[PDB]
A.B. asks: 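The following block contains the structure, expressed as structure tokens.
Worth knowing before you read on, the calculation uses all heavy atoms, side chains too, and leaves out hydrogens, waters and symmetry mates. Just so it is clear: chains get the letters A, B, ... in the order the sequence lines come, proteins before strands, and each one is counted from 1.
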There are 2 protein chains.
Amino acid sequence: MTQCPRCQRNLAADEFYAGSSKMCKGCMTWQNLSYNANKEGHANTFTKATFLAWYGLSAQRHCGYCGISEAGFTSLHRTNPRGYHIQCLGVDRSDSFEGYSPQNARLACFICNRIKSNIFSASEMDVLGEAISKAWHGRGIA
Amino acid sequence: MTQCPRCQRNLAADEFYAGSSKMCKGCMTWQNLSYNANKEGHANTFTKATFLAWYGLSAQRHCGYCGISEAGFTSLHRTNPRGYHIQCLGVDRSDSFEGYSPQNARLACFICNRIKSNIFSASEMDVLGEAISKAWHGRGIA
DNA sequence: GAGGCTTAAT
DNA sequence: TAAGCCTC
DNA sequence: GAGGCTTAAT
DNA sequence: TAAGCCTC
Ligand SMILES: [Mg+2]
Ligand SMILES: [Mg+2]
Ligand code: NA
Ligand code: NA
Ligand code: NA
Ligand code: NA
Ligand code: NA
Ligand code: NA
Ligand code: NA
Ligand code: NA
Ligand code: NA
Ligand code: NA
Ligand code: NA
Ligand code: NA
Ligand code: NA
Ligand code: NA
Ligand code: NA
Ligand code: NA
Ligand code: NA
Ligand code: NA
Ligand SMILES: [Pt+2]
Ligand SMILES: [Pt+2]
Ligand SMILES: [Zn+2]
Ligand SMILES: [Zn+2]
Ligand SMILES: [Zn+2]
Ligand SMILES: [Zn+2]
């Protein structure tokens, strides 16, 4: 129910981080996507507006490989490369040879994203995802 | 059918590397295991002799998670962190909290070893392994 | 002949 | 974690 | 308020 | 790849 000072959207608490960040998850994920694309030499055909509509809202976000919810993934307490608790789902370039685009983008948790790496196709990763989903369901996580 | 200058064993060509290394795969893997254990603060209850018997020979080695053969994995042309073609299977500490030991050791290809990381139990990874095995069998690799 | 190294792509 | 390079 | 950063564990 | 820190 707070407004994000970056996108100006009116949003629930679950669209924000638990730490000292003032940006919403959509804005921070968009910033990362942009910086990452340029750093790695990947094209980016999303605009911020299309990305934000694509990214939707926290309670609707689930990893497209293992099915874990954003809240479920948050409860794993995974850390990012700077050492902070990961609290949102990221974006997989389905075809790892292609860039970020509406057609090539798939929502993915950081565990599945790193697993898939540039080793497995999306099709192959669909299969790994079901196996990962069984680990979560085995731990009591949705 | 060549002797390894380090262990003194009489061994087939498939127990040696394709590059400029003079050490056999068993000797190089043992060296890595020792250095890795000390670098990471893991115990190591293998002796070189028990490790070499445990490690066996190339044609018998298959990853304990995905089932890929050492030759199959070699054909993937994966690279190690120094940038060289990986030509042998490595060792997973089943319980990632425990060190290297006959009881805790499992043979694993570098793909499954990195996937399992310290995220999944051996039991959970058994399940991911079957899914990874389907990717290989789908590519025509045993 | 011995053995320290640097660290995927995501 | 993993194979070759480079200094011993 | 904008946006560059550093890089799991194996 | 991903969230907070720190310099603008
Ligand atoms: Mg990806
Ligand atoms: Mg392991
Ligand atoms: Na909401
Ligand atoms: Na991103
Ligand atoms: Na554009
Ligand atoms: Na979703
Ligand atoms: Na963690
Ligand atoms: Na945490
Ligand atoms: Na599966
Ligand atoms: Na399980
Ligand atoms: Na032989
Ligand atoms: Na090893
Ligand atoms: Na000992
Ligand atoms: Na085996
Ligand atoms: Na490769
Ligand atoms: Na190669
Ligand atoms: Na499975
Ligand atoms: Na397949
Ligand atoms: Na890298
Ligand atoms: Na590290
Ligand atoms: Pt941020
Ligand atoms: Pt070597
Ligand atoms: Zn925002
Ligand atoms: Zn996932
Ligand atoms: Zn040897
Ligand atoms: Zn494997």
A.B. asks: Let's test this: given Watson-Crick or G-U wobble pairing with both distances under 3.5 Å, identify the partner of D/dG4.
C.D. replies: C/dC5
A.B. asks: Whole Å only: how far is the CG atom of A/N44 from the P atom of F/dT1?
C.D. replies: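 In whole Å, F/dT1 P and A/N44 CG are 11 Å from each other.
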A.B. asks: In whole Å, what separates the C1' atom of D/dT1 from that of E/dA8?
C.D. replies: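 It comes out at 13 Å once rounded to the nearest Å.
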A.B. asks: For D/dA2, does either OP1 or OP2 sit under 4.0 Å from a side-chain N or O belonging to B/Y84?
C.D. replies: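 No, outside the criterion.
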A.B. asks: Quantified in whole Å, what is the P atom distance between nucleotide D/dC6 and nucleotide C/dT7?
C.D. replies: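 Looking at atom P only, D/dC6 and C/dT7 are 15 Å apart.
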A.B. asks: Whole angstrom is fine here: how far is it from CG in A/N38 over to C1' in E/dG4?
C.D. replies: 12 Å
A.B. asks: Any heavy-atom pair between the side chains of A/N113 and A/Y65 that's under 4.5 Å?
C.D. replies: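 Counting from C-beta outward, A/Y65 and A/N113 never come under 4.5 Å.
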A.B. asks: Salt-bridge test for A/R106 and A/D126: reply yes if a basic N is under 4.0 Å from a carboxylate O, no otherwise.
C.D. replies: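 Salt bridge present between A/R106 and A/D126.
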A.B. asks: How many Å lie between CE on B/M23 and P on C/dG3, as a whole number?
C.D. replies: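 So the two atoms are 9 Å apart, to the nearest Å.
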A.B. asks: Any non-hydrogen side-chain atom of A/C112 less than 4.5 Å from a side-chain atom of A/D92?
C.D. replies: no
A.B. asks: Using whole Å, report how far CZ of A/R6 lies from P of F/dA3.
C.D. replies: 15 Å
A.B. asks: Quick one, B/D14 with B/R61, criterion salt bridge (charged side-chain N to carboxylate O under 4.0 Å, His left out). Give me CA distance, side-chain angles, the key distance, then yes/no.
C.D. replies: CA-CA 11 Å; B/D14 66 342; B/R61 287 195 289 275; over 6 Å; no
A.B. asks: Distance between the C1' atoms of E/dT10 and D/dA2, in whole angstroms?
C.D. replies: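 Per the computed distance, 11 Å lies between those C1' atoms.
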A.B. asks: What is the separation between atom CH2 on A/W30 and atom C1' on F/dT1, rounded to the nearest whole Å?
C.D. replies: 16 Å
A.B. asks: In this structure, how many angstroms lie between the P atom of F/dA3 and the CG atom of A/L76, rounded?
C.D. replies: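 From A/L76 CG to F/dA3 P: 14 Å.
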A.B. asks: Is any side-chain heavy atom of B/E15 less than 4.5 Å from a side-chain heavy atom of B/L57?
C.D. replies: yes
A.B. asks: Round to the nearest Å and state the distance from A/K22 atom NZ to F/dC6 atom P.
C.D. replies: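 Taking atom P of F/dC6 as the reference, NZ of A/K22 is at 13 Å.
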A.B. asks: Whole angstroms only, please: what is the CZ-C1' distance between A/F16 and F/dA3?
C.D. replies: 15 Å
A.B. asks: Do C/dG1 and F/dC8 make a Watson-Crick or G-U wobble pair, both distances under 3.5 Å?
C.D. replies: no
A.B. asks: Evaluate E/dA2 against F/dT7 for Watson-Crick or G-U wobble pairing; both distances have to be shorter than 3.5 Å.
C.D. replies: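 The answer is yes: F/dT7 partners E/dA2.
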A.B. asks: Side-chain N or O of B/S20 less than 4.0 angstrom from OP1 or OP2 on D/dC5?
C.D. replies: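 It does, given that an N or O in the side chain of B/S20 lies less than 4.0 Å from OP1 or OP2 of D/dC5.
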A.B. asks: Assigning hydrophobic clusters by single linkage (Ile, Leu, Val, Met, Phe, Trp, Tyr; side-chain heavy-atom cutoff under 4.5 Å), is B/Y55 placed with B/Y17?
C.D. replies: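 Result: no, two separate clusters.
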A.B. asks: Assigning hydrophobic clusters by single linkage (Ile, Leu, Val, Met, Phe, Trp, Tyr; side-chain heavy-atom cutoff under 4.5 Å), is A/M28 placed with A/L89?
C.D. replies: no
A.B. asks: Nucleotide by nucleotide, 5' to 3', does protein get under 4.0 Å of the base (B), only the sugar-phosphate (S), or neither (-) in nucleotides 5-10 of chain C, counting heavy atoms?
C.D. replies: BBBBBB
